[PDB]
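In the authors' numbering, the protein residues as written are 1 to 118. All C-beta atoms in this analysis are idealised placements derived from N, C-alpha and C, irrespective of residue type, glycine included. Reviewing the structure listed below.
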């Protein structure tokens, strides 16, 4: 229950609500909906503040295994790219699980995503 109030937090930037769940005891790697992670909604639309949060705790920055894809690319096709920046600042390599050179190459054509290709 409260599954919405929990995910609805990584959506509207209610960083205050997700801070309550992790305030429990490091829990940033639970199947959010049924096969995703609490970093896709934060990256795609976490006011760029939510992603850094639940990420500094554990590290779903790479955990993704069945998603065959890491969240840094989630922001790529989002136009936010404000996170992908302070993101690699933690490591997140650059191509730890994408298909291949897709990352910024086959992803788009703007100089912002290509910025992560620098």
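Alpha carbon of residue i to alpha carbon of residue j, nearest angstrom
i, j, result
"residue 103", "residue 73", "7 Å"
"residue 54", "residue 70", "15 Å"
"residue 87", "residue 35", "22 Å"
"residue 108", "residue 15", "29 Å"
"residue 9", "residue 111", "30 Å"
"residue 76", "residue 106", "11 Å"
"residue 136", "residue 93", "Because the chain is modelled from 1 through 118, residue 136 falls outside the range shown and cannot be assessed."
Residue closest to residue i, alpha-carbon to alpha-carbon, out of the options
i, options, result
"residue 46", "3, 106, 81", "81"
Within 8 Å, strictly: CB atoms of residue i and residue j
i, j, result
"residue 64", "residue 37", "yes"
"residue 22", "residue 57", "yes"
"residue 60", "residue 29", "yes"
Helix, strand or coil at residue i according to DSSP, with G and I counted as helix
i, result
"residue 74", "helix"
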